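Heads up, the thing below is written out as structure tokens.
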2 protein chains.
Amino acid sequence: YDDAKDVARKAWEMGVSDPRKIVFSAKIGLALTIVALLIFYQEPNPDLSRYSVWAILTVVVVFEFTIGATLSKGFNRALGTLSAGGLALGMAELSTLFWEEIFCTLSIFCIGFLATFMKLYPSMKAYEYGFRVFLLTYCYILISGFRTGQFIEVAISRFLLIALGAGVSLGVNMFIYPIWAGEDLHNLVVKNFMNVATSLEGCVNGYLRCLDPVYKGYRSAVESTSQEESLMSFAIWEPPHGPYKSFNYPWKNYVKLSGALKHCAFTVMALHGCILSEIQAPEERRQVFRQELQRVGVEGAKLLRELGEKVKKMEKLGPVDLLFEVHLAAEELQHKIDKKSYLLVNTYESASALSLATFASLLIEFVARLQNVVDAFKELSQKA
Amino acid sequence: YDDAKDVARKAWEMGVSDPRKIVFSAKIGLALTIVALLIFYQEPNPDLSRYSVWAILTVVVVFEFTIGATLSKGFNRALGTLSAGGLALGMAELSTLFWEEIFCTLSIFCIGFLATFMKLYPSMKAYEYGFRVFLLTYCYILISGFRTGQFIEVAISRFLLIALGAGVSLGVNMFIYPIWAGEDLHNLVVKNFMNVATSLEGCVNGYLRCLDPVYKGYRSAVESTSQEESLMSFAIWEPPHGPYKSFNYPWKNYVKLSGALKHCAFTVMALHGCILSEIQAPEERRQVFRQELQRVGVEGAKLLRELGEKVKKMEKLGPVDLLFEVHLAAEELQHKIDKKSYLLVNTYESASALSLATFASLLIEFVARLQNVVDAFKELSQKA
């Protein structure tokens, strides 16, 4: 039961830690329940049962996490469904000249070939649902139509209930604690500053401790880059809600600021790399810049956190100066090494000794990379 | 038409470049066509039409790229479908004590809540299809059963045709040019050596050209790490085909070798980083190690390519020595700088000058990181 105990503890911890999944699950349960309630109070027709099943399936499938995702993916699915329905109805109808079966059969092959071996396109590698639902639609609405004498006046029956299922699903999703995708993004870039600032401090404080907790930080910032633009397409389908004032909110710098920070985060990627290399500076030599490396590490962490705190407020008050102290700290490092830089060189007894400068040099290049980020924030904060 | 012309040119180029998508699309078209052929030669029952639509949908949905993916995801979908069917049938039946409707209605809420807010689990963030199809199954097989007096003897009707659709889909997928997922992996790790070896050579040859093509290489190796283990779960469901001799082929080192190379690829990540930093060594000083940096860059590229070529053959002949020359080349670099290492140091006029050692030091650390990779290959090549 200890494995089950651990699984239950993990579930409880993730539920208490993220009390948004429970809200979403309650919302989807409520949607399914209200649709079932509507179904279970009128059963005069087998077509009513069929349309009921269709409504349940739609409510299941068109319901996902964020508002923008729901709206945009629902619109894409509706476009694909309508297109496939039109195409299949056209081919069914105008496939009846005075051998029409093969002229309907082969059309499946031609349409089937195309979609399956076009969905595999590199650019359209994310809209897998849009093409698949198109292939499912055209196939079903054709076979159902082809088998039946006239599905024209019964196809509208199935479509109308799909709208009711979607109408219920969207209304509860949007009007009951709307988990947007816009403000979720804004909660992500503010997260990136904090979990890299500690990653910076972890690296420096880890380079001097002698005689992964830091891996999660910078890897998250690097590997999340494939995720904001996913939230980007989601966030553009949101109305002017919340503090956000007007239409077309500039969610183009929120990926610029994340991009600029990710550009800076490549050094702290390599900064952790030094403490992992198979060639490292000796202990006797590392603890001679303790006062030097620590101070710039602290100030860099202070600024990066402080800037990340600023985006949380989106400070319409105008900051006075940010990058003064960090510049002085790194400068002192560069002006201090030259006194002891003769402790670098005159195989391996010298490569290890030189492997100290490759850490200090990365740190100074980090500070240099820190200039563009405040430049990106400066423009974003004046047009947001 | 120029935009359409460019789209058509891109499609033609990707089709000719990758003549496997066309095979897959032809296979899916053939599967759909043969199922339609089977349907269109017997229509004595409306249930035949319904089951026909079910068969078409199954053939569409259970059909994907590789053999391992098809088999494993089909098994997972079958498990979920069977579980949901059993659960919903049990609740429908034993939900009839002598107000049974709410006792059926609420069960949807309880099961619905669970799955939707459990599918969101971090660990189970990839099996979205398995949970969703379970929720779709239990919902439909319940509502269809609940509406009908006795769906017990008609539910088996729908299930049997699903098997026929899958049976057709798998047979053509497996027996007509089987695009495995195992050998696809083996074609990926061999790809990683080539596109990093050029990335190495691009970086060094780019550090000296003065008075992205290299970005694609190392980023692919770094960002593919989330993809081999996806192929890993796919590749374990393959029978002993091809040259692969026996059951349970050791596809655990093919991620070790990819892992070991990716560990080495972090330096060439930072190696390209130096040529992008805002602080760089002056031109007058870079072109004094031209003979030094180039030779080790060439030998490192030679070995990394040569090792990657070895995995293509999976050389059962026993190599004599690999890492000799690269070690001598880097050693010469370290033994040559000390003559001119006094050209590093005695703010920015000195940080830029020191920014040369941070390039040579990374390169030597790269060579040091190159030892473990041949160690991983050594064990893999003796048990494969």
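Quick note on naming: the chains in the structure tokens go A, B, ... in the order shown, residues restart at 1 in each chain, and ligands are numbered from 1 in order of appearance.
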*Select all residues from chain B having any atom no more than 7 Å from an atom of chain A (counting only C-alpha atoms, ignoring ligands), output as a ChimeraX atom specification.*
/B:21-22,24-26,28-30,32-33,36,49,53,57,105,108-109,112-113,116-117,120,136,140,143,147,270,277-279,331,334-335,338,341,345-347,351,355,357-358,361,365,368-369
*Contacts of residue 235 in chain A at 12 Å (only C-alpha atoms; same-chain gap of 4+ positions) as a ChimeraX atom specification*: /A:66-72,179-186,228-231,239-241,247-252,254-255
_Test item, alpha helix (DSSP H) assignment across range 20-243 of chain B, answer as a ChimeraX atom specification_ = /B:21-39,46-61,67-93,100-119,128-147,152-175,182-207,215-223,225-235
*What is the distance between CA of residue 260 in chain A and CA of residue 227 in chain A, in Å to one decimal?*
15.4 Å
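Our summary of the geometry notes that CA of residue 192 in chain B is positioned 10.5 Å from CA of residue 219 in chain B.
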*Go through A:155, A:343, A:203, A:197 and flag the residue nearest residue 309 in chain A, using only C-alpha atoms for the distances.*
A:197
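Rounded to one decimal, CA of residue 256 in chain A and CA of residue 196 in chain A lie 16.6 Å from each other.
The closest residue to residue 202 in chain B, picked from B:272, B:245, B:262, B:77 and counting only C-alpha atoms, is B:272.
Comparing the minimum interatomic distances between residue 169 in chain A and each of A:1, A:55, A:329, A:244, counting only C-alpha atoms, we find that A:55 sits nearest.
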